[PDB]
Participant: 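Sending over a structure as structure tokens; questions will come in a sec.
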Amino acid sequence: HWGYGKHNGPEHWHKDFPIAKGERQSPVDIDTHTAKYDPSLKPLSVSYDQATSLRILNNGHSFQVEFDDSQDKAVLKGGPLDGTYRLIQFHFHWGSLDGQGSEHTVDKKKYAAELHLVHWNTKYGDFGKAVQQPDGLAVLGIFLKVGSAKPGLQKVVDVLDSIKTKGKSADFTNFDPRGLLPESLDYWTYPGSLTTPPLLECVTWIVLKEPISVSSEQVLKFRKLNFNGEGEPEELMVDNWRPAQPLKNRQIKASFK
Ligand SMILES: NS(=O)(=O)c1nnc(NS(=O)(=O)c2ccccc2)s1
Ligand SMILES: [Zn+2]
């Protein structure tokens, strides 16, 4: 099966998922000097006041916090989007060292980690239908740099001990994702793909310019998770990021001059 090691990592994925060599793959490097300011772009509208988290899970390649998406509770609109996108989960990618871990890069700079908030377009009725459409998903990408702790992240960090290995889950209610957002909502956007198999080209990426900062101790706890299941030989969950893919015939647009 696919993963991030030497014999099953990103350079091998195309053998099972040929779209890995597709025209609109993610992540990409954001070259700040060639991104185009688009004054037509709207401000983002994040409405997470009524979010309902359910549980946190180690899925064997990352950990994800899941939300109830049975109704318009937590949604994203505005920006480059048409319509209402419902939050279904967030997860992280991170490195073995503080100098790597993000998927997107900015002028080739790598951050310690990257947070992805995944939302799906409710006009397609369910998530499974949404992922088959070119405008089906919108993923909000937030960079993490190492500095001062983020209080809003600590609830997550403290429960990692109970989902150490693949397939473990825990109740995780009343988590407010607003605590993970930077002060500014300025962004870059481009049409892209999932960055893990099946690598479907169904994502509008929205990557925030402003990173959030987390402490060394917080990201340290991420690195103690395991890719393996319980009872199996220990493999630490680190460097679960895909390298930058060719931009090809795409333009990155910026919301800010
Ligand atoms: N890193 S990323 O592009 O946000 C994603 N990588 N895996 C993801 N999982 S997921 O949205 O739950 C998913 C699960 C099954 C099919 C399509 C998407 S999102
Ligand atoms: Zn991701």
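Ligands are counted one by one from 1 in listed order, and the atoms in each one are counted from 1 as well. In this chain, numbering begins with 1 at the start of the sequence shown.
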Participant: As a check for students: among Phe127, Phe90, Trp241, identify the option with a heavy atom nearest to atom 18 (C) of ligand 1.
Facilitator: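 Shortest heavy-atom distance from atom 18 (C) of ligand 1: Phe127.
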
Participant: The criterion is ring pair (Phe, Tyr, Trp, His ring centres under 6.0 Å); which residues satisfy it with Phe172, sequence neighbours excluded?
Facilitator: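 If we apply the ring pair (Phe, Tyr, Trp, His ring centres under 6.0 Å) test to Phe172, skipping adjacent residues, the hits are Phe175.
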
Participant: Considering only non-hydrogen protein atoms, determine which one is nearest to atom 12 (O) of ligand 1 and report residue, atom name and distance to 0.1 Å.
Facilitator: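 Here the nearest protein heavy atom works out to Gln89 OE1, 3.3 Å.
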
Participant: Quick one: which of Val139, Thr196, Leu199 has a heavy atom closest to atom 6 (N) of ligand 1?
Facilitator: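 Going through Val139, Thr196, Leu199 one by one, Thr196 has the nearest heavy atom to atom 6 (N) of ligand 1.
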
Participant: For ligand 1, note which part of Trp205 has a heavy atom under 4.0 Å away: side chain, backbone, both or neither.
Facilitator: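 For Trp205, the contact with ligand 1 is made by the side chain alone.
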
Participant: Aromatic ring centroids of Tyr190 and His104 under 6.0 Å?
Facilitator: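 Yes.
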
Participant: May I ask whether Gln64 has any heavy atom positioned less than 4.0 angstrom from an atom of ligand 1?
Facilitator: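 No, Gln64 has no heavy atoms under 4.0 Å from ligand 1.
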
Participant: Any heavy-atom pair between the side chains of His91 and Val118 that's under 4.5 Å?
Facilitator: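 A side-chain contact under 4.5 Å exists here.
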
Participant: Step through the shown structure and confirm whether more than 12 heavy atoms of other residues, nucleotides or ligands are within 6.0 Å of CG on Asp107.
Facilitator: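 It does: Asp107 CG has more than 12 such atoms within range.
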
Participant: Classify the side-chain pair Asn226/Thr165 by whether it contains a donor and acceptor separated by less than 3.5 Å.
Facilitator: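 Short answer, no.
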
Participant: For atom 3 (O) of ligand 1, find the nearest protein heavy atom and state the residue, atom name and distance (0.1 Å precision).
Facilitator: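 Ranked first by proximity to atom 3 (O) of ligand 1 is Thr195 N, 3.0 Å.
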
Participant: Under 4.0 Å from any heavy atom of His91, which atoms of ligand 1 are there?
Facilitator: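 Ligand 1 atoms under the 4.0 Å threshold to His91: 1 (N), 2 (S), 4 (O), 5 (C), 19 (S).
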
Participant: For the side chain of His119 and the backbone of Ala138, is there at least one donor-acceptor N/O pair under 3.5 Å apart?
Facilitator: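 A pair under 3.5 Å: yes.
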
Participant: Provide the full list of ring pair (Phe, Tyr, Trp, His ring centres under 6.0 Å) pairs with a residue in residues 136-167, sequence neighbours left out, each pair given once.
Facilitator: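 Listed once each, the pairs are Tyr111-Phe143.
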
Participant: Listing by chain and number, which protein N, O or S atoms are under 2.8 Å from the Zn ion (ligand 2)?
Facilitator: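 N, O, S partners closer than 2.8 Å: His91 NE2, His93 NE2, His116 ND1.
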
Participant: Once ring pair (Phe, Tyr, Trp, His ring centres under 6.0 Å) is applied, what residue pairs with a partner in residues 225-257 remain, sequence neighbours excluded?
Facilitator: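 Ring pair (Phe, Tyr, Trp, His ring centres under 6.0 Å) check on residues 225-257 returns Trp188-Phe256.
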
Participant: Could you check whether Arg86 pairs with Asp69 (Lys NZ or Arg NE/NH1/NH2 to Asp/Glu carboxylate O, under 4.0 Å)?
Facilitator: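 Judged by the 4.0 Å cut-off on N to carboxylate O distance, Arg86 and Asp69 do not form a salt bridge.
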
